[PDB]
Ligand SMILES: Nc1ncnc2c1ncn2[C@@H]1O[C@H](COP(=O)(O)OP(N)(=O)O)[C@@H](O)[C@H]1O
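Only one chain comes next, encoded as structure tokens, the form solved without the ligand.
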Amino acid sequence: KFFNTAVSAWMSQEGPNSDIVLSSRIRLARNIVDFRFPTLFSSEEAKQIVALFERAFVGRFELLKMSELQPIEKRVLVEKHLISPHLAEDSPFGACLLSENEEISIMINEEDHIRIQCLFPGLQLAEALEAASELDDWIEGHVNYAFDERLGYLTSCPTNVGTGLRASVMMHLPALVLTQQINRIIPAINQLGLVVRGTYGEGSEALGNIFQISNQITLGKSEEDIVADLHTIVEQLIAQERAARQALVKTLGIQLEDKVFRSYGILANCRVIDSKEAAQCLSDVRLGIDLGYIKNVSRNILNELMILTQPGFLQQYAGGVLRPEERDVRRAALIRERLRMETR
């Protein structure tokens, strides 16, 4: 079942630096030319492409067609970064070829005909790129990619023209945020051409201290060079976060243990919590788990509950519009329950 908001067995595996790096994501955007039926209609191209993947994937993959999913199922796929918002809503023949472990997602008929996604836990960009490239090679053996031998892969949005590659890592940087170093690392990332965004919240507030660092640097660099560059910056960010964490432990000791356990205590017991406080507390709890203060709570609580406690998702899940105070009560209840599952 792909619509389990919990961290998959695949994404809960401990990849390199997976305490700080939640996940590594490789996306390869492709468009197809010279269709098997040279149709003039996008409708027909989109259906041939779906037929291709339904015929060619029955490793176990399920082809999820957006037209066949309830809106909450599509929202979960969106929140799992398995599909884009555009695939859920705006793609009449949108479909997602999902591997059973949800490592592999091939979005069909979005902006581009093909978006191959590999999502790995921890810092495994090279592994994700290799896995995405193996599917890329498989797909290209059966279709012709729109490709200009001097411009590279042709993608609908010129955001991707060239390699069609977007590489991203999601990182939890509570210590850099706590010690107010985060706005020091943003310029270093921007100078290198990478893009850093908060994953959760509205415009740059980065709830949960979860950051997405991705490339933008396109035409010049090889895919391996894009990924090596991102990997290298991520490893420096990891080192900075670990240094900040170790400084925090050495300075605060029991006061840091107290901070993360109080955040735990709020999450385990509060009856009213807004998404911002929940995010801060979840980040603290995750840090406390990472530091081994909190020993009986899965670190995946951060990944899962950051999704489930978002205001819009919470309403989407509840099936209706909820006032903020109603959201805060349901959010607290959801969080308490998920932490009660950990106590058992």
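Note that residue numbering follows the sequence shown and begins at 1. We call the rigid core whatever largest set of C-alpha positions still superposes within 1.5 Å between the two forms.
One more form of this protein exists, namely the form solved in complex with the ligand; it is left out here, but the text below deals with it.
- When contacts are judged by a 4.5 Å heavy atom cut-off, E202 counts as touching the ligand in the bound PDB entry.
- With a 4.5 Å cutoff on heavy atoms, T163 does not count as touching the ligand in the bound PDB entry; it lies far away.
- With a 4.5 Å cutoff on heavy atoms, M170 counts as touching the ligand in the bound PDB entry.
- Contact between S133 and the ligand in the bound PDB entry is not found at the 4.5 Å heavy atom cutoff.
- Look at 145-153, 235-243, 182-190, 112-120: in the bound PDB entry, residues with non-hydrogen atoms within 4.5 angstroms of the ligand sit in 112-120.
- The partner is absent here; in the bound PDB entry, the one residue of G253, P85, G220, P92 having a heavy atom within 4.5 Å of the ligand is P85.
- Contacts of stretch 207-223 with the ligand in the bound PDB entry, defined by any heavy atom lying within 4.5 Å, are made by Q212 alone.
- The Cα position of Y200 differs by 2 Å or more between this form and the one not shown after fitting on the rigid core.
- Comparing the forms between this form and the one not shown on their rigid core, the Cα displacement of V33 stays under 2 Å.
- For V234, a C-alpha deviation below 2 angstroms is recorded between this form and the one not shown after rigid-core alignment.
- Look at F313 and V195: in the bound PDB entry their Cα atoms move 3 Å or more farther apart than in this form.
- Relative to the shown form, the Cα atoms of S42 and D136 move apart by 3 Å or more in the bound PDB entry.
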